[PDB]
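Colleague: So that we are looking at the same thing, I have put the structure below in structure tokens.
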Amino acid sequence: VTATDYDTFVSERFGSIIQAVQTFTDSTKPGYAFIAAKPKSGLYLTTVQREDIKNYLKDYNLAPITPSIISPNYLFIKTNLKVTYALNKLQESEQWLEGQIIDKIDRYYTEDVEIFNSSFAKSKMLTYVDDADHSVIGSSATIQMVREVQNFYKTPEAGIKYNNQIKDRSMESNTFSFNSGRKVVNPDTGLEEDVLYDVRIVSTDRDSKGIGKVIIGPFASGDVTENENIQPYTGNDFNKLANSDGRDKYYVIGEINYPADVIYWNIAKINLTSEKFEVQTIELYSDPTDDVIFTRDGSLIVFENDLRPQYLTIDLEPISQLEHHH
Amino acid sequence: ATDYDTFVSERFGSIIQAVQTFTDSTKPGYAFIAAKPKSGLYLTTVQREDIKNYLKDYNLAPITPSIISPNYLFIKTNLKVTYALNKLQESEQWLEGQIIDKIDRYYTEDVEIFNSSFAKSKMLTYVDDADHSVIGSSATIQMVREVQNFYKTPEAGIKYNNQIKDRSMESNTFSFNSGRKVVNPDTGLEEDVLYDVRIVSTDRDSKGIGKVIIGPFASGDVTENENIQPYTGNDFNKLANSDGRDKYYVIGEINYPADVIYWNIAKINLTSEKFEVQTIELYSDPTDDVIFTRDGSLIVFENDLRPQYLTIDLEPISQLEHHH
């Protein structure tokens with residue numbers, strides 16, 4: 001028993017295609033012993049869905065509790081890097097240089113951060129970035145935590161957490177398409193099926209107890225049917241998106257507990273069927289109050305640029321030389 | 001630069017830590033040498049007359065190089081370091097000391113030098129480096145140019161050698177003296193009412209230009225004739241009041257892209273006499289986190305003597321539902 005004993009158990013019987021193990025138990029889900037497992041190479045163990053994992057299921061000794069071999073709950077860092085260097089000090093291209101900083105940003109992660117109950121610090125990685133040339137003068141960054149959400153429709157039973165604290169309104173997802181039942185025409189073309197607009201999930205400033213709503217919109221006046229319950233969110237209090245289509249009526253569908261660090265929603269709370277949504281997986285961005293981001297239970301801060309390039313933009317800036325004369 | 005600076009840097013290496021020459025495009029004919037005491041900030045007028053009197057040593061009859069103290073750019077740093085409770089042995093008061101040293105060691109080595117530059121990203125890695133227990137830091141900077149005369153910018157202008165943001169330029173506050181009597185038996189029979197005032201900049205125009213406007217007044221004590229009339233824009237930062245004061249006026253102007261700042265209080269009929277200061281400090285947010293020096297400007301951390309330009313917030317961590 002004991003998660004620690006189990007972590008080993010697997011750092012042996014598998015200690016081949018596995019880099020790390022976190023055996024934690026969830027207080028919401030009794031009798032279930034959860035086993036986080038980093039593939040040591042990629043991201044998901046049997047993304048093929050357990051052709052390998054299921055194998056770990058197939059390891060049994062004692063107890064009335066049952067294993068649930070999962071892939072680690074990944075925290076991502078959407079970094080907007082802005083390194084600046086000296087035109088002259090540089091001998092190879094900006095292209096070769098990028099491939100030089102991300103070689104470092106990786107060295108940091110995989111040595112200090114990509115570990116269980118281990119953490120990430122922006123200041124500490126920007127030291128690694130700075131440390132890629134004779135110049136390279138300095139560097140800026142703007143990060144957000146990312147949680148990848150399977151089934152956009154609704155969060156888990158027990159909500160999703162970051163293992164970190166975010167700021168008011170900080171929480172927002174990427175946009176996805178909502179197929180309004182309605183139909184419209186332009187450019188000599190026809191019905192064009194059903195009108196679609198870009199819609200998304202955002203949080204609101206916390207109330208006097210640490211608790212804002214999780215709202216979704218915009219909409220039409222519209223494509224969502226209003227009840228005694230279902231009513232457009234009452235007031236400004238968050239981040240609205242570009243109505244290049246003019247729209248705006250958002251609806252409440254959950255809440256963030258900022259202090260408790262839990263976020264729940266369920267689109268079924270209004271009456272939209274997942275059919276009315278193109279997507280399956282979405283991204284949930286928030287920006288921390290943390291100058292240090294903590295991983296934790298089954299959570300793991302990882303940097304996989306190749307397979308997750310989207311989570312890193314590098315904007316370089318070249319600089320004129322100074323005094324060359326003496 | 002070094003052609004004559006170096007020498008000097010030999011006969012005086014025991015004081016001066018930074019020497020460079022330059023001309024002023026404009027003050028044609030004049031060559032100045034900025035020098036920073038290793039021992040602080042401003043060389044003393046005796047230290048300065050000695051050093052000037054080696055100019056005779058090396059024979060030159062023409063008026064020959066003015067020695068002078070460097071044009072300092074200061075970084076008002078608002079630092080935040082979060083550290084691990086377990087791994088920190090001594091006092092918080094100690095830790096600060098330990099890092100406020102690191103900052104200086106970075107400044108002395110990589111920054112306090114002519115045309116070398118300050119990189120917030122670097123000094124933070126110095127901060128990180130100060131203890132084995134300093135998990136991670138963050139930081140917010142401002143630029144401080146310390147103005148010799150508040151009343152009017154130099155003939156030419158004042159510049160940061162760096163890009164600031166909109167409304168960003170703002171001096172501190174200085175007492176303006178209206179001229180009215182207060183009639184208060186508390187302190188006799190007459191105090192001469194004097195309310196604070198500052199000089200801020202407004203938003204870039206179509207074309208890159210802002211207006212350098214000057215803090216709140218009470219209608220009467222500034223005379224307006226058509227031309228010189230209250231500024232109206234709300235495109236700047238107004239200040240905390242307790243008084244009925246909301247009349248700001250326009251002098252000079254900021255050329256944001258060419259960073260030049262000229263103003264002249266005279267543009268409103270207010271003699272120096274009217275203000276009880278002679279020196280001020282101009283702040284402003286950089287655009288970037290890498291800031292630069294140029295002709296005779298020097299960036300410097302002199303913290304036991306400019307302590308007002310650093311503040312440290314620590315955040316002790318354990319494990320852990322919370323660090324703000």
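Numbers and lists here come from the model and the stated rules, or from a named source; nothing here is a laboratory result. Cβ atoms come from the backbone with ideal geometry, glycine included; neighbour counts cover every protein chain shown.
Colleague: May I ask you to list the residues in region A:79-99 that are surrounded by 17 or more Cβ atoms within 10 Å (Cβ to Cβ) and either outside the structural domain of residue A:305 (by CATH) or in a helix (DSSP H, G or I) (or both)?
Modeller: Answer for region A:79-99, where residues must be surrounded by 17 or more Cβ atoms within 10 Å (Cβ to Cβ) and either outside the structural domain of residue A:305 (by CATH) or in a helix (DSSP H, G or I) (or both): just A:97.
Colleague: If you go through region A:203-223 one residue at a time, do you hit one that is assigned by CATH to the domain that holds residue A:147, within 25 Å of residue B:323 (Cβ to Cβ) and acidic (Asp, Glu)?
Modeller: Within region A:203-223, one or more residues are assigned by CATH to the domain that holds residue A:147, within 25 Å of residue B:323 (Cβ to Cβ) and acidic (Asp, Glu).
Colleague: Only residues in region B:122-149 that are within 7 Å of chain A (Cβ to nearest Cβ) and touching a residue at least 60 places away in the same chain (Cβ under 8 Å) count as the first member; pair them with residues that are surrounded by 17 or more Cβ atoms within 10 Å (Cβ to Cβ) and assigned to a loop (DSSP other than H, G, I, E, B), Cβ under 8 angstrom, at least 6 apart or cross-chain, and list the lot.
Modeller: Close Cβ pairs (under 8 Å, with a partner that is surrounded by 17 or more Cβ atoms within 10 Å (Cβ to Cβ) and assigned to a loop (DSSP other than H, G, I, E, B)) amount to B:135/A:121; B:135/A:292.
Colleague: What number of residues in region A:247-267 are farther than 14 Å from residue A:209 by Cβ and in a strand (DSSP E or B)?
Modeller: 8
Colleague: Pairs, please: C-beta under 6 Å, at least 6 apart or cross-chain, first residue within 14 Å of another protein chain (Cβ to nearest Cβ) and in region B:66-89, second of a type in the set (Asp, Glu)?
Modeller: B:80/B:313; B:82/A:291; B:82/B:315
Colleague: All but one of (1) without any contact (Cβ under 8 Å) to a residue 24 or more places away in the chain; (2) surrounded by 13 or more Cβ atoms within 10 Å (Cβ to Cβ) hold for residue B:272; state the number of the condition that does not hold.
Modeller: The one condition residue B:272 does not meet is (1).
Colleague: Against the definition (over 23 Å from the mean Cα position of the chain (by Cα), in the same structural domain as residue A:93 (by CATH), on the phi < 0 side of the Ramachandran plot and not in a loop (DSSP other than H, G, I, E, B)), how does residue A:275 come out, yes or no?
Modeller: Here the answer is yes, as residue A:275 does meet what is asked.
Colleague: Applying the selection to region A:175-233, what residues are in contact with an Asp or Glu (Cβ under 6 Å, 6 or more places away or on another chain), of a type in the set (S, T, N, Q) and more than 20 Å from residue A:277 (Cβ to Cβ)?
Modeller: Scanning region A:175-233 gives a single hit, A:204.
Colleague: Hey, another quick one. Please verify whether region A:170-189 includes one or more residues that are among the charged types (D, E, K, R) and either in contact with a helix residue (DSSP H, G or I) (Cβ under 7 Å, 6 or more places away or on another chain) or not assigned by CATH to the domain that holds residue A:265 (or both).
Modeller: Checked region A:170-189: no residue is among the charged types (D, E, K, R) and either in contact with a helix residue (DSSP H, G or I) (Cβ under 7 Å, 6 or more places away or on another chain) or not assigned by CATH to the domain that holds residue A:265 (or both).
Let's see how each residue does on (1) touching a strand residue (DSSP E or B) at 6+ places or on another chain (Cβ under 6 Å); (2) assigned to a helix (DSSP H, G or I):
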{"residue": "A:12", "(1), (2)": "no, yes"}
{"residue": "A:30", "(1), (2)": "no, no"}
{"residue": "A:35", "(1), (2)": "yes, no"}
{"residue": "A:42", "(1), (2)": "no, no"}
{"residue": "A:60", "(1), (2)": "no, no"}
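Colleague: Then there is this: Among what's in region A:222-250 and is under 17 Å from residue A:174 (Cα atoms) and surrounded by 18 or more Cβ atoms within 10 Å (Cβ to Cβ), pick the residue that is farthest from the other protein chains (Cβ to nearest Cβ).
Modeller: Only one residue tops the list, namely A:250.
Colleague: If you check residue B:106 against the conditions, is it within 13 Å of another protein chain (Cβ to nearest Cβ) and not in a loop (DSSP other than H, G, I, E, B)?
Modeller: yes
Colleague: Now for a different question. Go through region A:175-221 residue by residue and tally those that are within 23 Å of residue A:237 (Cα to Cα), surrounded by fewer than 17 Cβ atoms within 10 Å (Cβ to Cβ) and without any contact (Cβ under 8 Å) to a residue 40 or more places away in the chain.
Modeller: Residues flagged as within 23 Å of residue A:237 (Cα to Cα), surrounded by fewer than 17 Cβ atoms within 10 Å (Cβ to Cβ) and without any contact (Cβ under 8 Å) to a residue 40 or more places away in the chain within region A:175-221 amount to 5.
Colleague: Quick one: how many residues across region B:287-324 are part of a loop (DSSP other than H, G, I, E, B), within 11 Å of another protein chain (Cβ to nearest Cβ), farther than 23 Å from residue B:91 by Cβ and of a type in the set (A, V, I, L, M, F, W, C)?
Modeller: 1
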